[PDB]
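> Below is the sequence, then the experimental coordinates.
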Amino acid sequence: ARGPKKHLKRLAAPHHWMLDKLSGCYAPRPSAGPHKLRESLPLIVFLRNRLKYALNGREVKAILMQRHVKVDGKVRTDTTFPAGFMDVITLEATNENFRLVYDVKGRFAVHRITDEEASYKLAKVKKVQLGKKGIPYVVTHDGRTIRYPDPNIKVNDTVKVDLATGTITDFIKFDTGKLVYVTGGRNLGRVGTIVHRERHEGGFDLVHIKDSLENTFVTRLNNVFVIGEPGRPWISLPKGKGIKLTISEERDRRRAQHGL
Amino acid sequence: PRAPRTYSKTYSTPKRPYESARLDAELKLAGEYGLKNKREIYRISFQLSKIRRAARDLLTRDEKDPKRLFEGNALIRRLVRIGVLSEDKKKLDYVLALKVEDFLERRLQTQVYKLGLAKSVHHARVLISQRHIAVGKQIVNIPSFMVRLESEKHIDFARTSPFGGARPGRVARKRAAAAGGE
Amino acid sequence: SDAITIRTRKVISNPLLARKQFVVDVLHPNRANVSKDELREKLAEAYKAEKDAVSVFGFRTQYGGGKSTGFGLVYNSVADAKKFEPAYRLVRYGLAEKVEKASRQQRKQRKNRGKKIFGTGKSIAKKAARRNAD
RNA sequence: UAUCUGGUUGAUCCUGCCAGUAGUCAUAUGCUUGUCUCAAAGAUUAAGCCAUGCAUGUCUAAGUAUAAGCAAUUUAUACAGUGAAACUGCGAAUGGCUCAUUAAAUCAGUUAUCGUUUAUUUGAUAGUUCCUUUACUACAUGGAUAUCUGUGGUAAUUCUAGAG
RNA sequence: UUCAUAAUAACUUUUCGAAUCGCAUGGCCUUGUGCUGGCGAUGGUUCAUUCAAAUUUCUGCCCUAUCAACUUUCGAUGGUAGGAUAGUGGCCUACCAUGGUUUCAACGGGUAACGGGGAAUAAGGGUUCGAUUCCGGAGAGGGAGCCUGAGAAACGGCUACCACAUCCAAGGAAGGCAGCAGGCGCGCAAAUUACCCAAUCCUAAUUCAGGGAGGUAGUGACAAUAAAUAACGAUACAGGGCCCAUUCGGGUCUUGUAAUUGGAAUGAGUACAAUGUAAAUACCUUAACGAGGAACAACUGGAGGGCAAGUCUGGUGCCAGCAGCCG
Ligand SMILES: [Mg+2]
Ligand SMILES: [Mg+2]
Ligand SMILES: [Mg+2]
Ligand SMILES: [Mg+2]
Ligand SMILES: [Mg+2]
Ligand SMILES: [Mg+2]
Ligand SMILES: [Mg+2]
Ligand SMILES: [Mg+2]
Ligand SMILES: [Mg+2]
Ligand SMILES: [Mg+2]
Ligand SMILES: [Mg+2]
Ligand SMILES: [Mg+2]
Ligand SMILES: [Mg+2]
Ligand SMILES: [Mg+2]
Ligand SMILES: [Mg+2]
Ligand SMILES: [Mg+2]
Ligand SMILES: [Mg+2]
Ligand SMILES: [Mg+2]
Ligand SMILES: [Mg+2]
Ligand SMILES: [Mg+2]
Ligand SMILES: [Mg+2]
Ligand SMILES: [Mg+2]
Ligand SMILES: [Mg+2]
Ligand SMILES: [Mg+2]
Ligand SMILES: [Mg+2]
Ligand SMILES: [Mg+2]
Ligand SMILES: [Mg+2]
Ligand SMILES: [Mg+2]
Ligand SMILES: [Mg+2]
Ligand SMILES: [Mg+2]
Ligand SMILES: [Mg+2]
Ligand SMILES: [Mg+2]
Ligand SMILES: [Mg+2]
């Protein structure tokens, strides 16, 4: 290819958009935006598929055009906008508010979350740098560039953007014994506590995570998103809280909780 | 360029195609259950071979192993739900002991014959093929409809069929019209 | 003993499109399919709405007759149904008219013919006429 | 889905292959062919040659309107409606097809860019353009230019020269 | 880290720092066209982020020694400086050093070789295939060269040569199907100049326009699934479990064979409709028709062995022919 690629064939779309392998040759390629397309979620997928509020492409276009979708307090009238992790989608119709958090199967689950907390958003600090005229600034995972941050905010840390002014409200410092979320690999959706963070001089940090069920795994640091203090998450965790029940345990859940 | 959907073969002809004893056994099973071809016996043997392959693979695995537990009891419950494996022997070692005749027995053909609403096996075949038997107010024109245990109690002639109560049909209606005219 | 009975399953309200979506489950023994217009009317006085703000499609009389299943929408107003529905549904229901369109091949031919001429064809016509004059 | 059988000899035990057997999202072909679902399909030889027709153009309330285009009616002294054409902007480098070249080449897995460019999308981002400031358009600086009006040329091509 | 950033001295044929559009046109009264004033749309420098793009580390490739040495004057391996690059880099130049690979198969030759995810096959180990639905790469007749842009060495963009060609008023002009159709040729070998933006999406100033991308149909025994071609009686010719066995024999109890014989059921087809679809086919449903030789008629191979089934009839007589092998 000579230049950028602008088509996403259906099989090549991520298995987390988890579309239908039939009924279409192509899949919505997310336009450039705040999130990686492999990690993001187009608005058309979130509305037509996840919510079923629409039926097809024209309906999603009509929905977005009339300015009822509000991604993080902004309209975002483009069909393939990459609404990524921890973004907030507001529909004044049905007065509903969603926050995108992976369900433990590892998918962008529909999370109806309250209006009061929908005012703010969480973010991971991916860079802390000194821009022109000696002005410190911080780059989050959304690509948001927050100017004049707290002087002791470091990389891999987490922050609580007020999402109205777009400035820093509070922040959480990365360290052991801290509630944490996972955003990549087999451990998608898993939530736990940081037990240890082995350094590995030369690259590719690893952290060990122990969840409430007392199960333990290990994940890359790029893959990690501190979410609060144990017992006190800073957001509303989805149904199941990412315990990753075993397949037999899931079968027992299906058998036990069963009413028809 | 659209994503293909996977067709897959469902039978396997035997390597020795000309075995006298095997041919006689196949004809016995065809005549006992009114099978149209001998591809039916091949299909049931292929299904049984897949089942046995899964059972033996799970048997090789160690006892009390999550794979063994999960898929072994999944296969057990599926087979008892079909009805071929009796509830007495849900052990995954009697799964290897099933015979092709066992799956043959659960066909909607033989079930309609057993219930007695069809008095002959070929009568059951034709009655199924004439859109008469309905498994839960839903007709099945297919002899190989594997009747499961939970639903065998709901086989009867459909309402749209004359047997379940409706207009008789072409020949009877024509004869009645002829009698009324003359 | 006709008694066409109707049901709306999985109904979801939707002020995003000012509609109400549902799957139409119509039980009709000793009868063929339900002839959409009639079922549109049935839903019309079912949901206290006019026969114009109601749409049905995607129907499938299941194997063996009797039950049938489709998709249906009820719009808050006839105007919203006019301004939100596809043109082909507005043609099916008689609330709009088929647009006078030339065939695709003719449209493409005319597009290329317009390509041939730079600017309006006013000057070239008279120029060619006086050209073949001499 | 751990299986073999016929053939060297008057007869036997072997080595051995030929043949048989069952496949084949491996094609071709022959003879037949009633139904539902599904579906490959000028790859193999010729990445050989192509008539013909299409396959990429695009306008929102929001760049430019004096079409001597349409509407002239309830909104109209610059302009508002709709809107050809053309200038401007953007894409045309995506998609689709084929496997000819290519044997550490491509490619796969795994790294690196503290070795670089990046329209667009998203988040931020600038007082100084004064230069000796006691004489400047900032209540808005200049000229062309297509579209169009008319004159042509060539047998013809998405050929365009002259004038306003 | 000579990084981020800051500071000093300077430098520039001095980049940017809004002379641009839409809607609403509020507030202050300094009551004038006065002062201010909201929501957007386009731009715009830099830094990030995203879509990426270029390079890039380790390991992995089929056959061949009837290919054992290969590379360097023309870059071959390295050094330094410069040029060019967006940037590292013999990438190129200048001057030096004479180096780099190789029996762990280098180099050369062949590939009816694009690589891979995968396919067939299947006790286990493997063998063969992978042009093609996804990811990469390369190409647009073979070659080179280049403008525009962020991105092309683009070819439904240009320039030239070679090959092949077209209209020609003989001066000139115009070419690129390995895009969708279709044609010639080739060969054993492969489809209709069809409908349409409904669905998936994509492009654009952006809902509306466009899209042979794509979907729908046409042909289609490539492959794959389910499955019709009859079913049941009442009669005549029969056979087995028989009450015993006076010969019997009722057939006492059943199972077949007969151009006898009856009543049912049903599609494969047609077809009111309606559903389906962008519109139509087609399927699902269903009126009205639609089975008696139910002519609504199932073929393809074989009958010595391997290998299921004839030492029946007629014909030919080591002919004709059959035979994968033995015959
Ligand atoms: Mg491409
Ligand atoms: Mg073996
Ligand atoms: Mg010998
Ligand atoms: Mg002999
Ligand atoms: Mg062989
Ligand atoms: Mg039919
Ligand atoms: Mg070819
Ligand atoms: Mg243009
Ligand atoms: Mg206008
Ligand atoms: Mg080579
Ligand atoms: Mg520096
Ligand atoms: Mg250098
Ligand atoms: Mg290959
Ligand atoms: Mg080749
Ligand atoms: Mg390939
Ligand atoms: Mg080839
Ligand atoms: Mg490809
Ligand atoms: Mg190319
Ligand atoms: Mg060619
Ligand atoms: Mg551009
Ligand atoms: Mg080229
Ligand atoms: Mg072309
Ligand atoms: Mg191209
Ligand atoms: Mg060109
Ligand atoms: Mg073609
Ligand atoms: Mg195509
Ligand atoms: Mg063919
Ligand atoms: Mg056909
Ligand atoms: Mg027939
Ligand atoms: Mg025959
Ligand atoms: Mg013969
Ligand atoms: Mg014969
Ligand atoms: Mg035999």
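Arrived safely, thanks for sending. Residues are numbered from 1 along each chain as shown, chains lettered A, B, ... in the order given. Ligands and ions are numbered 1, 2, ... in the order given.
> alpha carbons only for contacts and neighbour counts from here, please
Fine.
> Around chain C, pick out the residues from chain B.
Residues of chain B lying near chain C by C-alpha under 8 Å from any C-alpha of the partner chain: B:138, B:139, B:160.
> Is stretch A:153-170 in proximity to RNA strand D?
Yes - applying C-alpha under 7 Å from any atom of the strand, one finds stretch A:153-170 in contact with RNA strand D at residue A:166.
> Then stretch B:21-37?
No - using C-alpha under 7 Å from any atom of the strand, stretch B:21-37 stays clear of RNA strand D, with a minimum separation of 9.9 Å.
> now that stretch, how far from the centre of its chain.
Chain-centre distance of stretch B:21-37: 15 Å, with C-alpha atoms, centre = their mean, to the nearest Å.
> Can you mark which positions in that stretch are buried?
If you call a residue buried by 16 or more other C-alpha atoms under 10 Å in any protein chain shown, then stretch B:21-37 has these buried ones: B:26, B:27, B:29, B:30, B:33, B:34, B:35.
> and what of stretch B:46-62?
Under the neighbour-count rule (16+ other C-alpha under 10 Å), stretch B:46-62 has B:46, B:47, B:48, B:51, B:52, B:54, B:55, B:58 buried.
> In chain C, what residue lies closest to chain B?
residue C:64 (5.9 Å; C-alpha to the nearest C-alpha).
> tell me, how many neighbours does that residue end up with?
By other C-alpha atoms under 10 Å in any protein chain shown, 16 other residues sit near residue C:64.
> name the element it belongs to?
Counting by DSSP states H and E, there is no helix or strand that carries residue C:64.
> Distance check, it against residue B:140.
Separation of residue C:64 from residue B:140 (C-alpha to C-alpha, to the nearest Å): 8 Å.
> who's in contact with the residue of chain C closest to chain B?
Contacts for residue C:64 (C-alpha atoms under 8 Å, 6 or more residues apart in numbering or on different chains) come out as B:138, B:139.
> before we move on, what about residue B:107?
Each residue near residue B:107 by C-alpha under 8 Å, 6+ apart is listed here: B:143, B:144, B:145, B:146, B:147.
> By neighbour count, which of the residues you listed wins?
Counting neighbours by other C-alpha under 10 Å, the top entry in the contacts of residue B:107 is residue B:147, with 23 neighbours.
> if I look at the residue of chain C closest to chain B, how far off is RNA strand E?
4 Å (C-alpha to the nearest atom of the strand, to the nearest Å).
> Likewise for residue A:92?
Taking C-alpha to the nearest atom of the strand, one finds residue A:92 at 16 Å from RNA strand E.
> and residue B:24, that's in a helix?
Yes - the assignment for residue B:24 is a helix, going by DSSP: H, G, I helix; E, B strand; the rest coil.
> Now do the same contact list for the closest residue to chain A within chain B.
Distances between chain B and chain A by C-alpha to the nearest C-alpha are smallest at residue B:2, namely 4.9 Å. Taking C-alpha under 8 Å, 6+ apart, we find residue B:2 in contact with A:22, A:24, A:25.
> where's it, which helix or strand?
Per DSSP H and E, there is no helix or strand for residue B:2.
> repeat for residue C:123
In the assignment (DSSP H and E), residue C:123 maps to helix C:122-133.
> Just the ones of the buried residues of stretch B:21-37 in helices?
Among those, DSSP state H puts B:26, B:27, B:29, B:30, B:33 in helices.
> For the spatially most central residue of chain C, which non-adjacent residue is spatially closest?
Chain C has residue C:89 as the residue nearest its centroid, 1.3 Å off, counting by C-alpha atoms, centre = their mean. In space, and not counting its chain neighbours, residue C:89 is closest to residue C:55: 7.9 Å by C-alpha to C-alpha, 6 or more residues apart in numbering or on different chains.
> Three-state assignment for the one you found, please.
strand.
> in chain B, which spans are strands?
In chain B, the strands defined using DSSP state E lie at B:133-135, B:155-157.
> Let me know which of these is the nearest to residue A:100.
Among these, the nearest to residue A:100 by C-alpha to C-alpha is strand B:133-135 (44.3 Å).
> And the contacts of stretch B:141-159?
Residues contacting stretch B:141-159 (C-alpha under 8 Å, 6+ apart): B:80-83, B:106-109, B:111-112, B:117, B:125, B:128-139, B:163-166.
> close to RNA strand E, is it?
Yes - judged by C-alpha under 7 Å from any atom of the strand, stretch B:141-159 and RNA strand E are in contact via B:142, B:143, B:144.
> for that stretch, which positions count as buried?
For stretch B:141-159, a neighbour-count test (16+ other C-alpha under 10 Å) marks B:141-144, B:146-148, B:152, B:155-159 as buried.
> which of those residues lies closest to residue A:123?
The closest of the buried residues of stretch B:141-159, once distances to residue A:123 are taken by C-alpha to C-alpha, is residue B:148, at 52.9 Å.
> The closest one: what's its closest spatial neighbour, skipping adjacent residues?
Counting by C-alpha to C-alpha, 6+ apart, residue B:82 is the residue found nearest to residue B:148 once chain neighbours are left out, at 4.3 Å.
> quick one, what contacts the residue lying closest to residue A:135 once chain neighbours are set aside?
Distances taken as C-alpha to C-alpha, 6+ apart place residue A:148 nearest to residue A:135, at 6.8 Å, with adjacent residues excluded. Residues near residue A:148 by C-alpha under 8 Å, 6+ apart: A:135, A:136, A:137, A:138.
> would you say the third one is within a helix?
No - under three-state DSSP, residue A:137 sits outside any helix and is assigned strand.
> looking at it, it is touching residue A:145, isn't it?
Yes - counting by C-alpha atoms under 8 Å, residue A:137 does reach residue A:145; the two are 6.6 Å apart.
> Give me every residue in chain C lying close to chain B.
On the criterion C-alpha under 8 Å from any C-alpha, chain B has as its neighbours in chain C the residues C:30, C:63, C:64.
> wait, which of those is closest to residue B:65?
residue C:63 (43.6 Å).
> Determine the number of other residues adjacent to the closest one.
The number of residues near residue C:63, taken as other C-alpha under 10 Å, comes to 11.
> need the contact list for it.
By C-alpha under 8 Å, 6+ apart, the residues touching residue C:63 are B:138, B:139.
> tell me which residues form a beta bridge with residue A:147?
Counting by DSSP bridges, residue A:147 forms beta bridges with residue A:137.
> pretty sure residue A:34 contacts residue A:84?
Yes - between residue A:34 and residue A:84 a contact is recorded at 7.3 Å, counting by C-alpha under 8 Å.
> Now do the shared contacts for the two.
Any residue near both residue A:34 and residue A:84 by C-alpha under 8 Å, 6+ apart counts here, and that gives residue A:142.
> Close to RNA strand D: what parts of chain C are there?
Selection of chain C residues close to RNA strand D by C-alpha under 7 Å from any atom of the strand yields C:105, C:108-109, C:112-113, C:115-124, C:131.
> Buried ones among those?
Among those, none is classed as buried by neighbour count (16+ other C-alpha under 10 Å).
> near chain A, which of the residues you listed show up?
Of the residues of chain C next to RNA strand D, not one also sits near chain A (C-alpha under 8 Å from any C-alpha).
> and the residue nearest to the centre of chain C, that one's in a strand?
No - Residue C:89: not assigned to a strand; according to three-state DSSP it is helix.
> Could you find the closest non-adjacent residue to residue A:182?
In space, and not counting its chain neighbours, residue A:182 is closest to residue A:224: 4.9 Å by C-alpha to C-alpha, 6+ apart.
> who's in contact with the one you found?
Contacts of residue A:224 by C-alpha under 8 Å, 6+ apart are A:180, A:181, A:182, A:183.
> so what's the last one up against?
When you say that, I think you mean residue A:183. A:102, A:189, A:223, A:224, A:225.
> Would you list the phi and psi of the fourth one?
When read as degrees, to the nearest 10, the backbone of residue A:224 gives phi -120, psi 140.
> Sort out for me which of the contacts of residue B:2 are in helices.
Using DSSP H, none of the contacts of residue B:2 sit in helices.
> Bridging across strands, which residues link to residue A:124?
Beta-bridge partners recorded for residue A:124 (DSSP bridges): residue A:158.
> residues contacting it?
The neighbourhood of residue A:124, defined by C-alpha under 8 Å, 6+ apart, consists of A:140, A:141, A:156, A:157, A:158, A:159, A:225, A:226.
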